[PDB]
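Just start_11.pdb here, PDB, C-alpha atoms (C1' of nucleotides) and all ligand atoms:
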```pdb
ATOM      1  CA  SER A  93     -15.329 -15.941 -10.329  1.00  0.00           C
ATOM      2  CA  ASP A  94     -12.878 -18.706  -9.348  1.00  0.00           C
ATOM      3  CA  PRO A  95      -9.666 -16.627  -9.194  1.00  0.00           C
ATOM      4  CA  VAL A  96     -11.632 -13.967  -7.303  1.00  0.00           C
ATOM      5  CA  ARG A  97     -13.094 -16.361  -4.743  1.00  0.00           C
ATOM      6  CA  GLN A  98      -9.546 -17.599  -4.211  1.00  0.00           C
ATOM      7  CA  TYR A  99      -8.231 -14.057  -3.790  1.00  0.00           C
ATOM      8  CA  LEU A 100     -10.972 -13.193  -1.277  1.00  0.00           C
ATOM      9  CA  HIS A 101     -10.131 -16.383   0.538  1.00  0.00           C
ATOM     10  CA  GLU A 102      -6.446 -15.508   0.752  1.00  0.00           C
ATOM     11  CA  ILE A 103      -6.827 -11.912   1.929  1.00  0.00           C
ATOM     12  CA  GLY A 104      -9.321 -12.991   4.571  1.00  0.00           C
ATOM     13  CA  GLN A 105      -6.622 -14.904   6.378  1.00  0.00           C
ATOM     14  CA  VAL A 106      -4.668 -11.682   6.872  1.00  0.00           C
ATOM     15  CA  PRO A 107      -5.370 -10.290  10.375  1.00  0.00           C
ATOM     16  CA  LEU A 108      -6.209  -6.644  10.899  1.00  0.00           C
ATOM     17  CA  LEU A 109      -3.521  -4.403  12.388  1.00  0.00           C
ATOM     18  CA  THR A 110      -3.875  -2.892  15.859  1.00  0.00           C
ATOM     19  CA  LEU A 111      -3.353   0.835  16.163  1.00  0.00           C
ATOM     20  CA  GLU A 112       0.129   0.142  17.615  1.00  0.00           C
ATOM     21  CA  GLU A 113       1.217  -2.172  14.765  1.00  0.00           C
ATOM     22  CA  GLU A 114      -0.175   0.399  12.293  1.00  0.00           C
ATOM     23  CA  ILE A 115       1.945   3.251  13.712  1.00  0.00           C
ATOM     24  CA  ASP A 116       5.023   1.033  13.881  1.00  0.00           C
ATOM     25  CA  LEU A 117       4.629  -0.015  10.259  1.00  0.00           C
ATOM     26  CA  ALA A 118       3.864   3.539   9.095  1.00  0.00           C
ATOM     27  CA  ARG A 119       6.974   4.747  10.923  1.00  0.00           C
ATOM     28  CA  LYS A 120       9.172   2.149   9.262  1.00  0.00           C
ATOM     29  CA  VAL A 121       7.793   3.177   5.875  1.00  0.00           C
ATOM     30  CA  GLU A 122       8.677   6.870   6.478  1.00  0.00           C
ATOM     31  CA  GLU A 123      12.116   5.809   7.688  1.00  0.00           C
ATOM     32  CA  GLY A 124      12.555   3.550   4.652  1.00  0.00           C
ATOM     33  CA  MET A 125      11.688   6.452   2.367  1.00  0.00           C
ATOM     34  CA  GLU A 126      14.242   8.759   3.944  1.00  0.00           C
ATOM     35  CA  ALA A 127      16.886   6.024   3.718  1.00  0.00           C
ATOM     36  CA  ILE A 128      16.162   5.525   0.032  1.00  0.00           C
ATOM     37  CA  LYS A 129      16.623   9.251  -0.517  1.00  0.00           C
ATOM     38  CA  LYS A 130      20.159   8.864   0.921  1.00  0.00           C
ATOM     39  CA  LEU A 131      20.867   5.876  -1.346  1.00  0.00           C
ATOM     40  CA  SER A 132      19.620   7.893  -4.341  1.00  0.00           C
ATOM     41  CA  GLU A 133      21.930  10.818  -3.555  1.00  0.00           C
ATOM     42  CA  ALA A 134      24.869   8.474  -3.143  1.00  0.00           C
ATOM     43  CA  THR A 135      24.396   6.237  -6.183  1.00  0.00           C
ATOM     44  CA  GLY A 136      22.770   8.645  -8.629  1.00  0.00           C
ATOM     45  CA  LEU A 137      19.902   6.201  -9.254  1.00  0.00           C
ATOM     46  CA  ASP A 138      16.185   6.982  -9.234  1.00  0.00           C
ATOM     47  CA  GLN A 139      14.519   6.786  -5.804  1.00  0.00           C
ATOM     48  CA  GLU A 140      11.569   4.814  -7.200  1.00  0.00           C
ATOM     49  CA  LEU A 141      13.952   2.535  -9.040  1.00  0.00           C
ATOM     50  CA  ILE A 142      15.817   1.798  -5.796  1.00  0.00           C
ATOM     51  CA  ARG A 143      12.511   1.287  -3.957  1.00  0.00           C
ATOM     52  CA  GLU A 144      11.173  -1.154  -6.582  1.00  0.00           C
ATOM     53  CA  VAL A 145      14.314  -3.228  -6.483  1.00  0.00           C
ATOM     54  CA  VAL A 146      14.538  -3.321  -2.718  1.00  0.00           C
ATOM     55  CA  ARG A 147      10.891  -4.329  -2.738  1.00  0.00           C
ATOM     56  CA  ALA A 148      11.578  -7.116  -5.222  1.00  0.00           C
ATOM     57  CA  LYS A 149      14.017  -8.531  -2.695  1.00  0.00           C
ATOM     58  CA  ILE A 150      11.496  -8.608   0.170  1.00  0.00           C
ATOM     59  CA  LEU A 151       8.603 -10.208  -1.749  1.00  0.00           C
ATOM     60  CA  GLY A 152      10.119 -13.624  -0.958  1.00  0.00           C
ATOM     61  CA  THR A 153       8.736 -13.298   2.568  1.00  0.00           C
ATOM     62  CA  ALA A 154       5.375 -11.805   1.459  1.00  0.00           C
ATOM     63  CA  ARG A 155       1.982 -13.356   2.324  1.00  0.00           C
ATOM     64  CA  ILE A 156      -0.045 -12.283  -0.714  1.00  0.00           C
ATOM     65  CA  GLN A 157       1.908 -12.518  -3.971  1.00  0.00           C
ATOM     66  CA  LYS A 158      -0.145 -11.636  -7.049  1.00  0.00           C
ATOM     67  CA  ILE A 159      -2.028  -8.569  -5.851  1.00  0.00           C
ATOM     68  CA  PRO A 160      -4.429  -7.264  -8.519  1.00  0.00           C
ATOM     69  CA  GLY A 161      -3.653  -3.825  -9.889  1.00  0.00           C
ATOM     70  CA  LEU A 162      -0.212  -3.710  -8.310  1.00  0.00           C
ATOM     71  CA  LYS A 163       2.833  -2.784 -10.419  1.00  0.00           C
ATOM     72  CA  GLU A 164       4.866  -5.798 -11.535  1.00  0.00           C
ATOM     73  CA  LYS A 165       8.469  -6.438 -10.422  1.00  0.00           C
ATOM     74  CA  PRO A 166      11.034  -4.961 -12.828  1.00  0.00           C
ATOM     75  CA  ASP A 167      12.841  -7.422 -15.127  1.00  0.00           C
ATOM     76  CA  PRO A 168      15.350  -9.570 -13.184  1.00  0.00           C
ATOM     77  CA  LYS A 169      18.245  -8.173 -15.217  1.00  0.00           C
ATOM     78  CA  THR A 170      17.518  -4.707 -13.806  1.00  0.00           C
ATOM     79  CA  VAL A 171      16.987  -6.135 -10.340  1.00  0.00           C
ATOM     80  CA  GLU A 172      20.334  -7.932 -10.432  1.00  0.00           C
ATOM     81  CA  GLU A 173      22.179  -4.845 -11.645  1.00  0.00           C
ATOM     82  CA  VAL A 174      20.666  -2.418  -9.144  1.00  0.00           C
ATOM     83  CA  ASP A 175      20.863  -4.912  -6.283  1.00  0.00           C
ATOM     84  CA  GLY A 176      24.541  -5.279  -7.148  1.00  0.00           C
ATOM     85  CA  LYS A 177      25.214  -1.568  -6.864  1.00  0.00           C
ATOM     86  CA  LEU A 178      23.455  -1.456  -3.477  1.00  0.00           C
ATOM     87  CA  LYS A 179      25.118  -4.469  -1.853  1.00  0.00           C
ATOM     88  CA  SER A 180      28.430  -3.041  -2.908  1.00  0.00           C
ATOM     89  CA  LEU A 181      28.061   0.244  -1.121  1.00  0.00           C
ATOM     90  CA  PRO A 182      30.283   1.492   1.718  1.00  0.00           C
ATOM     91  CA  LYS A 183      29.837   0.631   5.359  1.00  0.00           C
ATOM     92  CA  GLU A 184      28.113   3.926   6.289  1.00  0.00           C
ATOM     93  CA  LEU A 185      25.507   3.517   3.533  1.00  0.00           C
ATOM     94  CA  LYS A 186      24.684  -0.143   4.200  1.00  0.00           C
ATOM     95  CA  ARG A 187      22.651   0.702   7.293  1.00  0.00           C
ATOM     96  CA  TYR A 188      20.475   2.863   5.014  1.00  0.00           C
ATOM     97  CA  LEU A 189      19.943  -0.173   2.848  1.00  0.00           C
ATOM     98  CA  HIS A 190      18.831  -2.143   5.926  1.00  0.00           C
ATOM     99  CA  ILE A 191      16.363   0.574   6.897  1.00  0.00           C
ATOM    100  CA  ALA A 192      15.086   0.659   3.308  1.00  0.00           C
ATOM    101  CA  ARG A 193      14.574  -3.092   3.443  1.00  0.00           C
ATOM    102  CA  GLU A 194      12.433  -2.884   6.552  1.00  0.00           C
ATOM    103  CA  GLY A 195      10.571   0.078   5.141  1.00  0.00           C
ATOM    104  CA  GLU A 196       9.600  -1.977   2.102  1.00  0.00           C
ATOM    105  CA  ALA A 197       8.860  -5.097   4.134  1.00  0.00           C
ATOM    106  CA  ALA A 198       6.620  -2.860   6.270  1.00  0.00           C
ATOM    107  CA  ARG A 199       4.930  -1.256   3.238  1.00  0.00           C
ATOM    108  CA  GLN A 200       4.012  -4.706   1.914  1.00  0.00           C
ATOM    109  CA  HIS A 201       2.683  -5.824   5.329  1.00  0.00           C
ATOM    110  CA  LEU A 202       0.585  -2.678   5.776  1.00  0.00           C
ATOM    111  CA  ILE A 203      -0.840  -3.107   2.240  1.00  0.00           C
ATOM    112  CA  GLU A 204      -1.753  -6.754   2.762  1.00  0.00           C
ATOM    113  CA  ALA A 205      -3.471  -5.861   6.058  1.00  0.00           C
ATOM    114  CA  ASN A 206      -5.872  -3.533   4.245  1.00  0.00           C
ATOM    115  CA  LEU A 207      -6.815  -5.506   1.140  1.00  0.00           C
ATOM    116  CA  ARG A 208      -9.996  -6.510   2.904  1.00  0.00           C
ATOM    117  CA  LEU A 209     -10.917  -2.818   3.191  1.00  0.00           C
ATOM    118  CA  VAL A 210     -10.670  -2.283  -0.583  1.00  0.00           C
ATOM    119  CA  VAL A 211     -12.939  -5.226  -1.295  1.00  0.00           C
ATOM    120  CA  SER A 212     -15.651  -3.941   1.002  1.00  0.00           C
ATOM    121  CA  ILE A 213     -15.622  -0.494  -0.607  1.00  0.00           C
ATOM    122  CA  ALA A 214     -15.508  -2.183  -4.039  1.00  0.00           C
ATOM    123  CA  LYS A 215     -18.798  -3.965  -3.248  1.00  0.00           C
ATOM    124  CA  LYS A 216     -20.633  -0.606  -3.156  1.00  0.00           C
ATOM    125  CA  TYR A 217     -19.612   0.183  -6.793  1.00  0.00           C
ATOM    126  CA  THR A 218     -20.713  -2.910  -8.747  1.00  0.00           C
ATOM    127  CA  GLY A 219     -23.007  -2.659 -11.781  1.00  0.00           C
ATOM    128  CA  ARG A 220     -21.436   0.601 -12.988  1.00  0.00           C
ATOM    129  CA  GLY A 221     -19.287  -0.425 -15.954  1.00  0.00           C
ATOM    130  CA  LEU A 222     -16.363  -2.209 -14.310  1.00  0.00           C
ATOM    131  CA  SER A 223     -16.240  -5.848 -13.241  1.00  0.00           C
ATOM    132  CA  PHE A 224     -15.617  -6.753  -9.621  1.00  0.00           C
ATOM    133  CA  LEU A 225     -12.014  -7.687 -10.402  1.00  0.00           C
ATOM    134  CA  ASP A 226     -11.622  -4.315 -12.147  1.00  0.00           C
ATOM    135  CA  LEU A 227     -12.998  -2.551  -9.074  1.00  0.00           C
ATOM    136  CA  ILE A 228     -10.532  -4.379  -6.885  1.00  0.00           C
ATOM    137  CA  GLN A 229      -7.617  -3.393  -9.127  1.00  0.00           C
ATOM    138  CA  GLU A 230      -8.613   0.229  -9.175  1.00  0.00           C
ATOM    139  CA  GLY A 231      -9.251   0.086  -5.432  1.00  0.00           C
ATOM    140  CA  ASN A 232      -5.883  -1.547  -4.787  1.00  0.00           C
ATOM    141  CA  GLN A 233      -4.093   1.294  -6.615  1.00  0.00           C
ATOM    142  CA  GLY A 234      -5.876   3.819  -4.418  1.00  0.00           C
ATOM    143  CA  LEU A 235      -4.676   1.818  -1.419  1.00  0.00           C
ATOM    144  CA  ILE A 236      -1.093   2.001  -2.619  1.00  0.00           C
ATOM    145  CA  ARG A 237      -1.427   5.726  -3.133  1.00  0.00           C
ATOM    146  CA  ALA A 238      -2.723   6.012   0.436  1.00  0.00           C
ATOM    147  CA  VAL A 239       0.248   4.156   1.909  1.00  0.00           C
ATOM    148  CA  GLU A 240       2.483   6.673   0.044  1.00  0.00           C
ATOM    149  CA  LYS A 241       0.842   9.799   1.483  1.00  0.00           C
ATOM    150  CA  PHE A 242      -0.377   8.646   4.870  1.00  0.00           C
ATOM    151  CA  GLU A 243       0.894  10.745   7.757  1.00  0.00           C
ATOM    152  CA  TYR A 244       0.600   8.750  10.988  1.00  0.00           C
ATOM    153  CA  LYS A 245       1.579  11.742  13.182  1.00  0.00           C
ATOM    154  CA  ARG A 246      -1.858  13.244  12.431  1.00  0.00           C
ATOM    155  CA  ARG A 247      -3.346  10.503  14.686  1.00  0.00           C
ATOM    156  CA  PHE A 248      -6.100   9.526  12.232  1.00  0.00           C
ATOM    157  CA  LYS A 249      -6.704   5.809  11.612  1.00  0.00           C
ATOM    158  CA  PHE A 250      -5.286   4.399   8.417  1.00  0.00           C
ATOM    159  CA  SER A 251      -8.756   3.173   7.307  1.00  0.00           C
ATOM    160  CA  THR A 252      -9.926   6.818   7.328  1.00  0.00           C
ATOM    161  CA  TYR A 253      -7.271   8.037   4.881  1.00  0.00           C
ATOM    162  CA  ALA A 254      -7.249   4.762   2.940  1.00  0.00           C
ATOM    163  CA  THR A 255     -11.021   4.885   2.397  1.00  0.00           C
ATOM    164  CA  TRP A 256     -10.853   8.383   0.927  1.00  0.00           C
ATOM    165  CA  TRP A 257      -8.165   7.266  -1.533  1.00  0.00           C
ATOM    166  CA  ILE A 258      -9.908   4.045  -2.467  1.00  0.00           C
ATOM    167  CA  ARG A 259     -13.105   5.861  -3.377  1.00  0.00           C
ATOM    168  CA  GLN A 260     -11.141   8.423  -5.390  1.00  0.00           C
ATOM    169  CA  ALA A 261      -9.479   5.676  -7.359  1.00  0.00           C
ATOM    170  CA  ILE A 262     -12.745   3.857  -7.908  1.00  0.00           C
ATOM    171  CA  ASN A 263     -14.733   6.984  -8.742  1.00  0.00           C
ATOM    172  CA  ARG A 264     -12.133   8.139 -11.303  1.00  0.00           C
ATOM    173  CA  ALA A 265     -12.008   4.732 -12.999  1.00  0.00           C
ATOM    174  CA  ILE A 266     -15.784   4.701 -13.490  1.00  0.00           C
ATOM    175  CA  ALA A 267     -15.864   8.209 -14.985  1.00  0.00           C
ATOM    176  CA  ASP A 268     -13.060   7.271 -17.441  1.00  0.00           C
ATOM    177  CA  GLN A 269     -14.848   4.088 -18.538  1.00  0.00           C
ATOM    178  CA  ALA A 270     -17.732   6.421 -19.356  1.00  0.00           C
ATOM    179  CA  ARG A 271     -15.833   8.701 -21.767  1.00  0.00           C
TER
ATOM    180  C1'  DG B   1      -3.574  18.912  -1.132  1.00  0.00           C
ATOM    181  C1'  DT B   2      -6.871  15.616  -0.513  1.00  0.00           C
ATOM    182  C1'  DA B   3      -7.424  12.798   7.006  1.00  0.00           C
ATOM    183  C1'  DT B   4     -13.807  10.738  12.441  1.00  0.00           C
ATOM    184  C1'  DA B   5     -13.829   5.316  11.204  1.00  0.00           C
ATOM    185  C1'  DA B   6     -14.752   2.330   8.316  1.00  0.00           C
ATOM    186  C1'  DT B   7     -11.406  -4.316   6.872  1.00  0.00           C
ATOM    187  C1'  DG B   8     -19.624  -8.780   6.430  1.00  0.00           C
ATOM    188  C1'  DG B   9     -23.476  -4.465   6.596  1.00  0.00           C
ATOM    189  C1'  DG B  10     -25.995  -0.765   8.894  1.00  0.00           C
TER
HETATM  190  K     K C 301     -24.243  -9.395  13.302  1.00  0.00           K
HETATM  191  K     K C 302     -25.006 -12.497  11.788  1.00  0.00           K
HETATM  192  K     K C 303     -23.420  -6.052  14.934  1.00  0.00           K
END
```
So that I can check it, write out the structure of this file as structure tokens.
Amino acid sequence: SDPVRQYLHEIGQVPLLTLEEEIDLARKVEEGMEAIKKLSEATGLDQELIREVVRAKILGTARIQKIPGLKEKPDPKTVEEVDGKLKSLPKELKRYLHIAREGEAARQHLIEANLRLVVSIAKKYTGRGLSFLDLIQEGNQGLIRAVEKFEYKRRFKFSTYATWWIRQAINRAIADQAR
DNA sequence: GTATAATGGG
């Protein structure tokens, strides 16, 4: 497939993370999630809503843009409104917004650096009801779930935890396609 | 709650 070949081409340019970059990114993601909790408490808005909007603002400096199976940006009207409430917060709370920005910049980076992993697991599940693209989308959503639950303090490699999640996602999608 | 590492494959 032409869009697929192009996708594989694009993700292949993304270098693998060292262990040290991995921990740094994972740390920034934790920190970003605690910051967004503080912003939620202070504004009364949904944590995931804040996260999505902050994320929408960091995608400008992203390397891979249309990632298959990833949730789409909210509608710009909601971005503008929520972004407005955040920018307008008090001095003390604007450092939390900075931390949340790096957290979401780091999430995106960490995700891009492991798209190659999903593809390789995907390859083991072809001919089972779902196209390759479909496998990648289901795999990608496992990846995202892994970034959310990964605990770097455990000292296990990200690929270890990510792989578990990616298989779960792919195994569930096959069993649902099959009634 | 799900955790060896795994990102061409074995
Ligand atoms: K070789
Ligand atoms: K070779
Ligand atoms: K070899």
- Task: Output the contact residues of chain A with respect to chain B at a cut-off of 12 Å, based on only C-alpha atoms (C1' of nucleotides), as a ChimeraX atom specification.
- Result: /A:103-110,203-216,237-238,241-260
Spatial neighbours of range 191-195 of chain A, 7 Å, all atoms listed in the file, chain gap at least 2 places, as a PDB file with C-alpha atoms, in the coordinates of the input:
```
ATOM      1  CA  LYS A 120       9.172   2.149   9.262  1.00  0.00           C
ATOM      2  CA  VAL A 121       7.793   3.177   5.875  1.00  0.00           C
ATOM      3  CA  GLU A 123      12.116   5.809   7.688  1.00  0.00           C
ATOM      4  CA  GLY A 124      12.555   3.550   4.652  1.00  0.00           C
ATOM      5  CA  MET A 125      11.688   6.452   2.367  1.00  0.00           C
ATOM      6  CA  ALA A 127      16.886   6.024   3.718  1.00  0.00           C
ATOM      7  CA  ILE A 128      16.162   5.525   0.032  1.00  0.00           C
ATOM      8  CA  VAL A 146      14.538  -3.321  -2.718  1.00  0.00           C
ATOM      9  CA  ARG A 187      22.651   0.702   7.293  1.00  0.00           C
ATOM     10  CA  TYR A 188      20.475   2.863   5.014  1.00  0.00           C
ATOM     11  CA  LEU A 189      19.943  -0.173   2.848  1.00  0.00           C
ATOM     12  CA  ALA A 197       8.860  -5.097   4.134  1.00  0.00           C
ATOM     13  CA  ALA A 198       6.620  -2.860   6.270  1.00  0.00           C
ATOM     14  CA  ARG A 199       4.930  -1.256   3.238  1.00  0.00           C
TER      15      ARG A 199
END
```
- Write out as number ranges by chain the residues lying within 8 Å of residue 221 in chain A, counting all atoms listed in the file and excluding same-chain residues fewer than 6 positions away. A: 266, 269-270
Selection from above, C-alpha atoms, as a short mmCIF file (atom, residue, chain, number, x, y, z; two decimals), in the coordinates of the input, can you write it?
```cif
data_model
loop_
_atom_site.label_atom_id
_atom_site.label_comp_id
_atom_site.auth_asym_id
_atom_site.auth_seq_id
_atom_site.Cartn_x
_atom_site.Cartn_y
_atom_site.Cartn_z
CA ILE A 266 -15.78 4.70 -13.49
CA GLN A 269 -14.85 4.09 -18.54
CA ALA A 270 -17.73 6.42 -19.36
#
```
- re CA of residue 141 in chain A and CA of residue 174 in chain A: distance 8.3 Å
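Our summary of the geometry notes that CA of residue 235 in chain A is positioned 28.2 Å from atom K of ligand K 302 (chain C).
You will find CA of residue 262 in chain A at 20.8 Å from CA of residue 95 in chain A.
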- Using the chain letters and numbering of this document, enumerate as a list in words the residues selected by the PyMOL selection byres (((chain A and resi 142) around 9) and not hetatm). residues 128, 131, 132, 137, 138, 139, 140, 141, 143, 144, 145, 146, 147, 174, 175 and 178 of chain A
- Message: Taking the file as I've supplied it (selection: the PyMOL selection byres (((chain A and resi 153) around 12) and not hetatm)), which residues are included? Please answer as a PyMOL selection string.
- Response: chain A and resi 147-152+154-157+193-194+196-198+200-201
For the selection you just gave me, I'd like the residues written to a file as a short mmCIF file (atom, residue, chain, number, x, y, z; two decimals), in the frame of the given file, keeping C-alpha atoms.
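Generated output (part.cif):
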```
data_model
loop_
_atom_site.label_atom_id
_atom_site.label_comp_id
_atom_site.auth_asym_id
_atom_site.auth_seq_id
_atom_site.Cartn_x
_atom_site.Cartn_y
_atom_site.Cartn_z
CA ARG A 147 10.89 -4.33 -2.74
CA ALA A 148 11.58 -7.12 -5.22
CA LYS A 149 14.02 -8.53 -2.70
CA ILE A 150 11.50 -8.61 0.17
CA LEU A 151 8.60 -10.21 -1.75
CA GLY A 152 10.12 -13.62 -0.96
CA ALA A 154 5.38 -11.80 1.46
CA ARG A 155 1.98 -13.36 2.32
CA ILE A 156 -0.04 -12.28 -0.71
CA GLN A 157 1.91 -12.52 -3.97
CA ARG A 193 14.57 -3.09 3.44
CA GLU A 194 12.43 -2.88 6.55
CA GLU A 196 9.60 -1.98 2.10
CA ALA A 197 8.86 -5.10 4.13
CA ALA A 198 6.62 -2.86 6.27
CA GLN A 200 4.01 -4.71 1.91
CA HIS A 201 2.68 -5.82 5.33
#
```
As AutoDock Vina command-line options, please: the centre and edge lengths in Å, to one decimal, of an axis-aligned box enclosing every listed atom of range 252-271 of chain A with 6 Å added on each side.
```
--center_x -12.5 --center_y 6.3 --center_z -7.2 --size_x 22.5 --size_y 16.8 --size_z 41.1
```
Kindly output range 246-258 of chain A as a short mmCIF file (atom, residue, chain, number, x, y, z; two decimals), keeping the file's coordinate frame, after building N, CA, C and O atoms.
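Result saved to rebuild.cif:
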```
data_model
loop_
_atom_site.label_atom_id
_atom_site.label_comp_id
_atom_site.auth_asym_id
_atom_site.auth_seq_id
_atom_site.Cartn_x
_atom_site.Cartn_y
_atom_site.Cartn_z
N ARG A 246 -0.55 12.59 12.33
CA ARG A 246 -1.86 13.24 12.43
C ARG A 246 -2.81 12.56 13.41
O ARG A 246 -3.76 13.18 13.87
N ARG A 247 -2.56 11.29 13.71
CA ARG A 247 -3.35 10.50 14.69
C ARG A 247 -4.70 10.03 14.16
O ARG A 247 -5.53 9.56 14.93
N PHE A 248 -4.91 10.13 12.85
CA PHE A 248 -6.10 9.53 12.23
C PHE A 248 -5.82 8.07 11.86
O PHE A 248 -4.71 7.73 11.44
N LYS A 249 -6.83 7.21 12.00
CA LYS A 249 -6.70 5.81 11.61
C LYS A 249 -6.35 5.66 10.14
O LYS A 249 -6.75 6.47 9.30
N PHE A 250 -5.61 4.61 9.81
CA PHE A 250 -5.29 4.40 8.42
C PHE A 250 -6.56 4.21 7.57
O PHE A 250 -6.66 4.79 6.49
N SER A 251 -7.50 3.41 8.04
CA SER A 251 -8.76 3.17 7.31
C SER A 251 -9.47 4.47 6.86
O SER A 251 -10.10 4.50 5.81
N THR A 252 -9.34 5.52 7.65
CA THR A 252 -9.93 6.82 7.33
C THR A 252 -9.32 7.42 6.05
O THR A 252 -10.04 7.81 5.14
N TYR A 253 -8.00 7.50 6.02
CA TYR A 253 -7.27 8.04 4.88
C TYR A 253 -7.36 7.07 3.70
O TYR A 253 -7.63 7.49 2.57
N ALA A 254 -7.19 5.79 3.98
CA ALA A 254 -7.25 4.76 2.94
C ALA A 254 -8.58 4.78 2.21
O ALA A 254 -8.61 4.68 0.99
N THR A 255 -9.68 4.90 2.96
CA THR A 255 -11.02 4.88 2.40
C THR A 255 -11.23 6.04 1.41
O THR A 255 -11.76 5.86 0.32
N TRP A 256 -10.80 7.23 1.80
CA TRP A 256 -10.85 8.38 0.93
C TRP A 256 -10.17 8.06 -0.40
O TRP A 256 -10.74 8.24 -1.47
N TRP A 257 -8.93 7.57 -0.33
CA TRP A 257 -8.16 7.27 -1.53
C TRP A 257 -8.81 6.20 -2.39
O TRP A 257 -8.75 6.27 -3.61
N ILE A 258 -9.40 5.19 -1.74
CA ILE A 258 -9.91 4.04 -2.47
C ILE A 258 -11.15 4.44 -3.25
O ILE A 258 -11.39 3.95 -4.35
#
```
